[PDB]
Amino acid sequence: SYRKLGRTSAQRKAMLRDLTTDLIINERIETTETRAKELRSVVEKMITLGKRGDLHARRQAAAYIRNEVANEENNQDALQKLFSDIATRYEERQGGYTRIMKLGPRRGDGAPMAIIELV
Amino acid sequence: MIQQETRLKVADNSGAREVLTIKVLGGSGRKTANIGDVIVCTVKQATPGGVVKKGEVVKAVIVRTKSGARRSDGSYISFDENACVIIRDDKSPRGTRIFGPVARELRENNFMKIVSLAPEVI
Amino acid sequence: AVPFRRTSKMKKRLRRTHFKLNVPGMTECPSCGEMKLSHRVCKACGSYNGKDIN
Amino acid sequence: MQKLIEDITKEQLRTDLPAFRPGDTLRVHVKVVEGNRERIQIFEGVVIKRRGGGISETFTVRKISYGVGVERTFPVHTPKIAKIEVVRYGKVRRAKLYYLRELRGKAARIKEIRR
Amino acid sequence: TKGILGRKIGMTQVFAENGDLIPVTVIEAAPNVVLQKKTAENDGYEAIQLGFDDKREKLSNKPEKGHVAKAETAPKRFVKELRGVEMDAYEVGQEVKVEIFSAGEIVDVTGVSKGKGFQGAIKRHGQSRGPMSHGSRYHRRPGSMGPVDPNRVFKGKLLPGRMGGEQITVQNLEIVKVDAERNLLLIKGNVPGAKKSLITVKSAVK
RNA sequence: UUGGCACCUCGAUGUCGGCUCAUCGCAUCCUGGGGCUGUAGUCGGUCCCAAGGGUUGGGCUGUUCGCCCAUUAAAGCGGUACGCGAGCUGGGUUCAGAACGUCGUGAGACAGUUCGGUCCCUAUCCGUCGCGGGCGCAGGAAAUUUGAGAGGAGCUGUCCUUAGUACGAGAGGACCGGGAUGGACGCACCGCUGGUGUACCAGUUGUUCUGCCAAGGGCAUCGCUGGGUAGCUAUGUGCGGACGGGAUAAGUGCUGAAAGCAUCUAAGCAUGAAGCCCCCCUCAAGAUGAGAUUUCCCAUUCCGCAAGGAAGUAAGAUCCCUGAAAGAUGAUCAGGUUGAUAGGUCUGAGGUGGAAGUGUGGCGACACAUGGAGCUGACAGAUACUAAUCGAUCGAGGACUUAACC
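Going down the list, the sequences are from chains N, K, 1, P and D. Just so you know, we're using the authors' numbering here: the first sequence kicks off at 2 and counts up by one. Just so you know, we're using the authors' numbering here: the second sequence kicks off at 1 and counts up by one. Just so you know, we're using the authors' numbering here: the third sequence kicks off at 2 and counts up by one. Just so you know, we're using the authors' numbering here: the fourth sequence kicks off at 1 and counts up by one. Just so you know, we're using the authors' numbering here: the fifth sequence kicks off at 2 and counts up by one.
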């Protein structure tokens, strides 16, 4: 199957509803290794909606993506920035939109960290 | 897929209305019985006009069930009520008519008087 | 669930064979020269494979 | 893998059968052998189910005759099916009609949709 | 007294000239080349060794090269061996296609059966369990271990472990149809082994 | 077993009966072989060789036993702390509570009866099931095996034919020998019937949230209900215990003395069983007796006088990392940029079913077209898009004696 990551059925989808929206706003994230590998196979489903960019293509991410603030002095939401500027950036690449940059151990957990860029 | 201690809707006007099983006449111990096997049964209810009445150890033949019947075609026959037709401990029935459809996997053995009395041999 | 006898000073110290821990996969940082962990970021360099990533 | 699967048994994809909507009344001409003679009987009824994949798509037809519901599956691509005819099409919002196995008598009709 | 080997893919359902539907595996055996003909005069027994896969450059070792290159055809990944064949029919390097077999003969099938991992003493040995109610805190456990006085457990009582993975053979099977133009064997029955795992296909002792 | 004796155990050895896993003996219940028979035939009785396999499901009883119902080819007996309570149950006796009969003025008793009554533990060692790390195996490494040696499997009924035949007065009804088909358990699997499928899709309720409608999101056990692909599954599907050989057991024999005959004997032979050893299958060279072949790498640089030592490598392997056909973690296993190993990607397969939006019919609930659409978790197929970077250690220099040839 796939991975579960300590959460129940409900909580892991409520986990990844923050690890995409905070990933689109703050543009880089330090999670663990295994939380990275459950975003490399998820976030790349959300960015391809920005390639489609139509009406019903819009109303799928709005079911998923939170309503937080992405750009002050612009009032640009995390939904809007996925389609305004990200859609301009990736008109040519076919798949493969997140890097995995492995850090060292977390201190108290022994957790093998990671860093994800939007490449 | 009829076990011990199941209750069966009876398909002839030979006297009985509902019949419960004892043992499938297979080997030492057989669990189920799909179609065409022969059960020793008893009679939990009968019609008031009854040749065979309440509380009689009877020997009977499964006709139609909620089980499959894997033909070599791959076609699976599956009815919507478990049933019997009471026989006279032979390859021959003892009732007059046979209510409802009868599965065609009785012709594998020679129960052809049940076949000849069937109204729709499905 | 009771140890019937105390463990002597042999069968204790034969259980600490496979309780040892090794040195991990440790290479050299290609830019700032120090020892690097394999397939992770040399935190002294801040680099990985070509780039001191901010 | 799966391309190599069907490219063997594309020669047995029997294309004589009219592709129909799962859930509609329908008759089937089944060739059988009774007494070393080849006859054809006709099995009317509504389709509960179309499922499967490739050569192994099995469907079924339910007939409610003499008050005992008869369900009778068939894989689609058999040589032991002669002729399949759509008598009335049907509309069902669902796709597999398992609830028809209980309801009888006019809470179980499917309305003809004019095609 | 024969045999080739191939790679399992998965089940199908194939018609055979009737309404008779047959469970059918899809065994693909790209044409095997004999890598060594072992003789009884030096190796002490009469056998032969096949080979099956198209190895790449980086996959091979140098001792896998020099074993092949005497009868230089190709480095092949899987190497197995068949005791008891006609040695007088073959030479070192001969290509063996599917042309041996027909669609009507008794055929033996060995293999490498699937895995179930660490799963224990009901699924691993078929044993029953204690009752699921009437206050019993006993179910899914491997039974009593033995009587008192012999002070040990007998070697032959069964216990939880790692089900599957072992080599398992199914005797007296049969080939449905031979399609040698894509190197395909279709065998009547369910053959052990997961997807892409390797199977010897003999002719059984009837 | 009912019992004797009081030897171990009263600084505790928990006791009957079922459930769980079975193992062992043979005085055998079936199955194999036979001998005699008051053995016509079919059933039978009875001893003999046989322990390889099997030994049903229930109502009553706390039940063991036994009766009984219904089958079966058969419903075997007996151990093993009246096997198994650091595996399970607590109905049973054997704690106080309660009551009945009887005993005793009485408190109270009763192997007479009834109702209710806390079953604890985290595994050191030996013992098993499974996996691995090290060194061994006079050089290092790569794959395949011979097989010492072990284990599993080793049950069978109905029906057809010979043949209604020999036999019998009939009634009845065959051995011997062919073919077909099942039950019982056993290995394997997911195409088919269904089962589960909590990061799949569709509907629908209460209520909150994204400013509102629309459309959604959360929570309500996956909120519930109908489906559900891969995956693991059984009742589903395949095949399985085959055909035989070798030597015997009881028998059945010849031949033939001792002991002019007789005699299955002492010599000399042949038969003869589901038994026994191989044949079938799995495991297996740590089988320290360490086997056998196939190729690769080769005899390098330093001490030391040698003996010996370390220190870079070969062949190959490891750390590591993307991985699941494998998966407790190790292992196995597909790969690591001369690459399709994982994820995305664009196609398809299967599922679900007619997306929102728009337009129109309708007072609206709602339909209808757009449109086999829309969405899709593990599936297979292409694509270098995305990381498997660079590195790094480990790892042979091959003894002595004799023979053999050279």
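We put the CB at the ideal spot given by N, CA and C, even for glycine.
Same chain only: Cβ atoms within 6 Å of residue i, ignoring 5 sequence neighbours per side
i, result
"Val120 (chain N)", "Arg100"
"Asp89 (chain K)", "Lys59"
"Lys96 (chain P)", "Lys49"
"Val70 (chain P)", "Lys63"
C-alpha gap between residue i and residue j, whole angstroms
i, j, result
"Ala60 (chain K)", "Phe16 (chain D)", "37 Å"
"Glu56 (chain K)", "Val43 (chain K)", "6 Å"
"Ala33 (chain K)", "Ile2 (chain K)", "5 Å"
"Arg60 (chain N)", "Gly144 (chain D)", "58 Å"
"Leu6 (chain N)", "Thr32 (chain N)", "12 Å"
"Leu186 (chain D)", "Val108 (chain D)", "11 Å"
"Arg104 (chain K)", "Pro48 (chain K)", "31 Å"
"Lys66 (chain K)", "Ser2 (chain N)", "35 Å"
"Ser78 (chain K)", "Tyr98 (chain P)", "14 Å"
"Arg17 (chain K)", "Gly67 (chain P)", "16 Å"
"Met88 (chain D)", "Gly94 (chain D)", "13 Å"
"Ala82 (chain P)", "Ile40 (chain P)", "8 Å"
"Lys59 (chain D)", "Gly105 (chain D)", "41 Å"
"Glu118 (chain N)", "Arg163 (chain D)", "41 Å"
"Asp86 (chain N)", "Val44 (chain N)", "16 Å"
DSSP-derived helix/strand/coil call for residue i
i, result
"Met102 (chain N)", "strand"
"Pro64 (chain D)", "helix"
"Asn43 (chain D)", "helix"
"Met1 (chain P)", "coil"
"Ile30 (chain N)", "strand"
"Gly54 (chain P)", "helix"
"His29 (chain P)", "strand"
"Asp53 (chain 1)", "strand"
"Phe74 (chain P)", "strand"
"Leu24 (chain N)", "helix"
"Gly144 (chain D)", "coil"
"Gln77 (chain N)", "strand"
"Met36 (chain 1)", "strand"
"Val97 (chain D)", "strand"
"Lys82 (chain N)", "helix"
"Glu11 (chain P)", "helix"
Environment of residue i [buried if 16+ CB atoms lie within 10 Å]
i, result
"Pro193 (chain D)", "buried"
"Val202 (chain D)", "buried"
"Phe119 (chain D)", "exposed"
"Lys63 (chain P)", "buried"
"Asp110 (chain N)", "exposed"
"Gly15 (chain K)", "buried"
"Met1 (chain P)", "exposed"
"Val35 (chain D)", "buried"
"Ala19 (chain P)", "exposed"
"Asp53 (chain 1)", "exposed"
"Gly147 (chain D)", "exposed"
Sequence-distant residues of the same chain with beta carbon closer than 7 Å to residue i, five excluded per side
i, result
"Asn33 (chain D)", "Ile5, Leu6, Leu51, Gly52, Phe53, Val97"
"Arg70 (chain K)", "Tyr76"
"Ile87 (chain K)", "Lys59, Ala60, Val61, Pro93, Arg94"
"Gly85 (chain D)", "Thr2, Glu47"
"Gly50 (chain K)", "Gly15"
Neighbourhood of residue i by C-beta, 8 Å cutoff - its chain only, sequence neighbours within 5 removed
i, result
"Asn68 (chain N)", "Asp78, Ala79, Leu80"
"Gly190 (chain D)", "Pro24, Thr26, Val110, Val171, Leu174, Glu175"
"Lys9 (chain D)", "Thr26, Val27, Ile28, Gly112, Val192, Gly194, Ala195, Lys196, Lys197, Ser198, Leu199, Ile200"
"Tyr91 (chain N)", "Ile48, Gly51, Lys52, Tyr98"
"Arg51 (chain P)", "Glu57, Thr58, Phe59, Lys96"
"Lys66 (chain D)", "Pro76"
"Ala118 (chain K)", "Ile98, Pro101, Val102"
"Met114 (chain N)", "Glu31, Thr32, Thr33, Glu34, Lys103, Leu104, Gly105, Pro106, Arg107"
Ranges of the beta strand (DSSP E) found wholly within the segment 11 to 76 of chain K, counting only runs of at least 3: Qualifying beta strand (DSSP E) stretches, in chain order: 16 to 24, 38 to 46, 58 to 62.
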